[PDB]
Amino acid sequence: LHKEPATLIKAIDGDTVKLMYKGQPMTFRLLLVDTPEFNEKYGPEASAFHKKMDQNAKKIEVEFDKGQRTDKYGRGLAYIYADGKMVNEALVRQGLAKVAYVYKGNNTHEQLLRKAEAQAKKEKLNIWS
Ligand SMILES: Cc1cn([C@H]2C[C@H](OP(=O)(O)O)[C@@H](COP(=O)(O)O)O2)c(=O)[nH]c1=O
Ligand SMILES: [Ca+2]
């Protein structure tokens, strides 16, 4: 996999964000995770965590996996990095997302993220509290 540039356009929620990619506005949905909807418990906290991470970043990058790059709603599917740190993983490590939606052929970082989820659960963080 490789990292490609993007710039933040706007926060959306815990697991989606509006980015400019190859000069076009797209909504991105984070691979391999599910944050609570803003209406649900820890939704606000997930949104805020995601928003802060991306807005504090100097450099946002997107990394597509081997499979589908857009989902059925036209959202980009990617691992998103904020100054080299993977947002998807950070959400799971903080107990603000579950590993989820692991479809074969776009699951390169599955085991990395499950390792994070296990550490979050052990610490009883947020969703695992
Ligand atoms: C994360 C992800 C979600 N999706 C689709 C599956 C779910 O369809 P449904 O809308 O029919 O439930 C939905 C979950 O996204 P959200 O969690 O953002 O709702 O997005 C994919 O197709 N590929 C993916 O990699
Ligand atoms: Ca969600």
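As a convention, Cβ positions derive from the backbone with ideal geometry for all residues, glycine included, and neighbour counts pool all protein chains shown. We did not get these values from a lab; they are worked out from the coordinates using the rules stated.
Residue-level check: of (1) more than 14 Å from the chain's Cα centre (by Cα); (2) closer than 24 Å to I127 by Cα, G23 misses just (2). Taking the criterion of being over 17 Å from the mean Cα position of the chain (by Cα), under 24 Å from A48 (Cβ atoms) and in a loop (DSSP other than H, G, I, E, B), the residues of the stretch 97-125 that qualify are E123, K124, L125. Among the residues making up the stretch 65-89, those that are under 12 Å from the mean Cα position of the chain (by Cα) and buried (at least 17 other Cβ atoms within 10 Å of the Cβ) are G76, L77, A78, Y79, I80, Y81, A82, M86, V87, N88, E89.
Looking only at residues that are within 13 Å of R75 (Cα to Cα) and without any contact (Cβ under 8 Å) to a residue 12 or more places away in the chain in the stretch 1-48, which one is surrounded by the most Cβ atoms within 10 Å (Cβ to Cβ)? Checked the stretch 1-48; the qualifying residue surrounded by the most Cβ atoms within 10 Å (Cβ to Cβ) is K18. When residues in the stretch 1-54 are screened for being of a type in the set (G, A, S), out of contact with any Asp or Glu (no Cβ under 6 Å at 6 or more places or on another chain), within 13 Å of ligand 2 (Cβ to nearest atom) and in a helix (DSSP H, G or I), 1 of them pass. When the test is whether a residue is of a type in the set (V, I, T), in contact with a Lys or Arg (Cβ under 8 Å, 6 or more places away or on another chain) and within 12 Å of ligand 1 (Cβ to nearest atom), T27 passes it.
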